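Below is one structure; the comments refer to it alone.
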There are 2 protein chains.
Amino acid sequence: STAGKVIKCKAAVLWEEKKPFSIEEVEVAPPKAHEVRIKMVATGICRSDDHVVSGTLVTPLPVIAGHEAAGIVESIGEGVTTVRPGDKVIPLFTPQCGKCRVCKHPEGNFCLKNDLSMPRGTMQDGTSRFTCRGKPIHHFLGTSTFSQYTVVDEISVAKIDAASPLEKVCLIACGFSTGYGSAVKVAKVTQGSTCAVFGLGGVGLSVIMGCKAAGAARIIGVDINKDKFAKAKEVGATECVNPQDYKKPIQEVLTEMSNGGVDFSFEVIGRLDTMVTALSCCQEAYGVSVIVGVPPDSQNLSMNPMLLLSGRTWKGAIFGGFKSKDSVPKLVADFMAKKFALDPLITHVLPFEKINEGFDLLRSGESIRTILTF
Amino acid sequence: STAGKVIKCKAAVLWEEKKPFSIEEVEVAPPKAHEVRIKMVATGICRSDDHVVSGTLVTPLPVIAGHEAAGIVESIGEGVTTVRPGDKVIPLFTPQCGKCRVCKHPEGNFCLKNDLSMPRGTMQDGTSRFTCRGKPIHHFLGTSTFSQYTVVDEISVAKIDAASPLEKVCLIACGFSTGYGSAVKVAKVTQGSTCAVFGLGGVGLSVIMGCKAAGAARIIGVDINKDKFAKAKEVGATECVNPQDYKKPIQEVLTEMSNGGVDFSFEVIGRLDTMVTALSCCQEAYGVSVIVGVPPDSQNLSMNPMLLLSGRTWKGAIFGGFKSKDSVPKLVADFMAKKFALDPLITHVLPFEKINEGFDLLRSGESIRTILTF
Ligand SMILES: NC(=O)c1ccc[n+]([C@@H]2O[C@H](COP(=O)([O-])OP(=O)([O-])OC[C@H]3O[C@@H](n4cnc5c(N)[nH+]cnc54)[C@H](O)[C@@H]3O)[C@@H](O)[C@H]2O)c1
Ligand SMILES: NC(=O)c1ccc[n+]([C@@H]2O[C@H](COP(=O)([O-])OP(=O)([O-])OC[C@H]3O[C@@H](n4cnc5c(N)[nH+]cnc54)[C@H](O)[C@@H]3O)[C@@H](O)[C@H]2O)c1
Ligand SMILES: OCc1c(F)c(F)c(F)c(F)c1F
Ligand SMILES: OCc1c(F)c(F)c(F)c(F)c1F
Ligand SMILES: [Zn+2]
Ligand SMILES: [Zn+2]
Ligand SMILES: [Zn+2]
Ligand SMILES: [Zn+2]
């Protein structure tokens, strides 16, 4: 048995920015009250994890990163009621405490217990469950999925279907749900509409999926890497454009293509310039633009507010707007019921030990999602 | 008797920025096909007219400004079907052509025939109906209401109730409808919500009226002129704050006052800094901020897109989001049935000949709306 005992296990520790992960032994404390310790099964590599490496996202280091995963409960702390040992679970990088003003709001999902806004890199109680070479190691978003075992707060875990294939449904933990929800929930894409999707990675592809599910008539994929276009068309893009092919700015191109601007645009990259471009390419009176990409830390964009005064709507969201604990189990049920596909997002499957190789595939442009298997 | 003939009449001509209006004779050509010539009865002084004088808003000069007015049709050009001589009418500074993609859209109002985005200062046909000292004079927003007679395109005029009091309902041509609609239509303020309204002039007071009509529980007025607070409370503000009273930035003050951010905020001034402050003070996960104020020409704001990524919605609108020709007659009918009040906005009445005094009253801080009578 491991319950109630420290587990020594393998994890990918990030000791400093812009270096490879170090795959080594860590100690994982048992769960305290209202905590859950999880044996990981599969985790995706999301660009947001790479942002921690690159310094685009600032979070305390050293850290066990990883936030897009699924596993099996090994043990529960006192007072846990929502999962039990042996349950398949998804860690929730956006918690759902159920008690804060946001959780109580019909349209809110960015629970005030989150560790995104002002990251502490700890459990809810302000401490860590991880040590490595005698040193405390920070958590990431209350999840820390790049480890054979993690400990998460109860509000940051959802029980999912016991028959779920974890090597697929781990994508519901971030990139699928984010993109899909950004389209169907946050933008509320309409039937017959024209959409523009900037960035054709795992998240942007999931946005296309959502736009197609919502009945859009046209879905224009935008990426500087034309190798991304074939898969974008496979999941619903009607046209793809590479800004580098044009002498004019792509907002002008998109405005012309859509005979005066698109209905819905999505920024799914993380650049200030493409956030402004994506807003501009939506129709000036009734267009909607949704920011999904994560921009570099502490940088402001510049824009002309006449873009909004004419009638545009500009919004952003975390995790597709989904209230995380309510939504994740239903998303996995819907996957099980064949309501959407995840295989189109999965280009590589590697052992966890090849995490660095997985990141190199992302950075080179060659992968969509690599799934790491423990 | 005047039908088909040039009319000589008095108008307020703006020959140069930052100068008084010149009340002097102009020649008003008869209406061409699908044009309407109107004898003005009353016009308000909106801060946007002052923006033309100050160069905040750039439109070709020399110009006959004025856009918040009502009058009586003197004559119609060939092919006009929607008004007749003797009808009471409101010129529509936002046209409604009824044929463009925006007019056809359920939520659009910024008709593509507008002369706001890239002002030409002409009729729809690219020419002017005004001569002064033998020189052609620009129109403004297709309305040019600072004249005893104007000529407007048919798509820029609405027939209103024959029993309407024109010296009141002129405010439905801009400031009331803009503010009221910004709350009820654009923001869609909810019952029991907390609102913050930046700027307590005629438009911001009309925002407050709309928030109260929508059932808001708290409506916090924000103005640097505390003399504006009493009227704001009369029309529904539950409390008023002056940023100059506080050591801390007002977005922090309002976030504290609202126990974590407001539901709905409105920028009703026209400053880049308050547009960003108003966004920031709405709750980060589900707040909505509406830009109403007109920014200084060609200037960009700077903001951190994390404010949107967490879940905020940022939007703007012209004319409260109302489809102008459909909505203005209904608003007049509702006013006649006492569904809202206009007198709280009217602080001063002057003859048209005293237009400069009316602008002095606005610039000093003393007035909300001065109504000029022809
Ligand atoms: N809001 C959320 O909750 C949330 C969730 C998941 C991911 N993200 C962010 O979403 C973004 C996309 O994530 P991902 O899909 O995993 O990343 P990704 O797989 O790197 O995809 C990004 C795509 O953008 C393309 N691209 C790069 N620069 C440009 C450009 N200038 N113009 C057009 N295309 C360009 C690039 O070729 C790539 O295909 C990242 O910034 C993530 O951090 C946010
Ligand atoms: N979107 C539209 O369709 C539309 C329609 C009508 C008016 N407008 C614009 O809306 C704005 C307000 O018009 P109005 O009500 O006629 O003008 P107004 O009467 O000048 O009211 C503006 C108020 O803002 C206050 N103010 C100025 N600076 C600050 C500050 N830093 N912080 C807080 N309050 C401040 C000021 O004291 C005044 O009471 C102007 O920019 C107009 O051009 C837009
Ligand atoms: O990919 C999801 C994701 C985000 F959307 C963030 F905004 C963020 F800060 C982060 F760390 C993250 F993982
Ligand atoms: O006050 C209404 C109003 C506006 F909202 C503008 F954006 C504008 F350019 C203008 F000239 C105007 F009069
Ligand atoms: Zn919560
Ligand atoms: Zn992610
Ligand atoms: Zn139109
Ligand atoms: Zn106005």
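Think of each number as a place in line: the chain as shown, counted from 1.
If you check the header, you will see the structure was determined by X-ray crystallography, 1.2 Å.
Placed from the backbone N, Cα and C atoms, the Cβ positions cover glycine too.
Over all protein chains present, the Cβ of B:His67 (Zn(2+) 1 binding site) has 24 other Cβ atoms lying within 10 Å. Swiss-Prot lists B:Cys46, B:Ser48, B:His67, B:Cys174 with the feature Zn(2+) 1 binding site.
Long-range Cβ contacts of B:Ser48 (Zn(2+) 1 binding site) within its own chain (separation 6+, distance under 8 Å): B:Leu57, B:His67, B:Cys174, B:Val294. Positions annotated as alcohol binding site by Swiss-Prot, on the basis of a large-scale study or a structure entry: B:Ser48, B:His67.
Swiss-Prot lists B:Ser48, B:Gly199, B:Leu200, B:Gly201, B:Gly202, B:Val203, B:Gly204, B:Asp223, B:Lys228, B:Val292, B:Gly293, B:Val294, B:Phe319, B:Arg369 with the feature NAD(+) binding site. DSSP gives B:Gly293 (NAD(+) binding site) a coil state; it is part of no helix or strand. Neighbour list (B:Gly293 (NAD(+) binding site), Cβ cut-off 8 Å, at least 6 residues apart, same chain): B:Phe198, B:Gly199, B:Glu267, B:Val268, B:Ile269, B:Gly270, B:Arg271, B:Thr274, B:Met275.
The 10 Å shell around the Cβ of B:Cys111 (Zn(2+) 2 binding site) contains 25 further Cβ atoms across the protein chains shown. Residues annotated as Zn(2+) 2 binding site in Swiss-Prot: B:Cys97, B:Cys100, B:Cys103, B:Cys111.
Sequence-distant contacts of B:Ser1 (N-acetylserine), defined as residues of its own chain at least six apart whose C-beta falls under 8 angstroms from its C-beta, are absent. Annotation comment: Swiss-Prot describes B:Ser1 as N-acetylserine.
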Please check each of the recorded positions B:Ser1, B:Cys46, B:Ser48, B:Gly202 and report the ones with a CB atom less than 6 Å from an atom of ligand 8, ordered along the sequence.
-> B:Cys46, B:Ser48
10 Å Cβ neighbour count around B:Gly202 (NAD(+) binding site)?
-> 31
Work out the three-state DSSP category of B:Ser1 (N-acetylserine).
-> coil
How many neighbouring Cβ atoms, not counting its own, are there within 10 Å of the Cβ of B:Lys228 (NAD(+) binding site)?
-> 22
Taking the Cβ of B:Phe319 (NAD(+) binding site) as the centre, how many other Cβ atoms fall within a 10 Å radius?
-> 25
Could you check which of the recorded positions B:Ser1, B:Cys100, B:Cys174, B:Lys228, B:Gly293 have their CB within less than 6 A of ligand 2?
-> B:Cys174, B:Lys228, B:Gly293
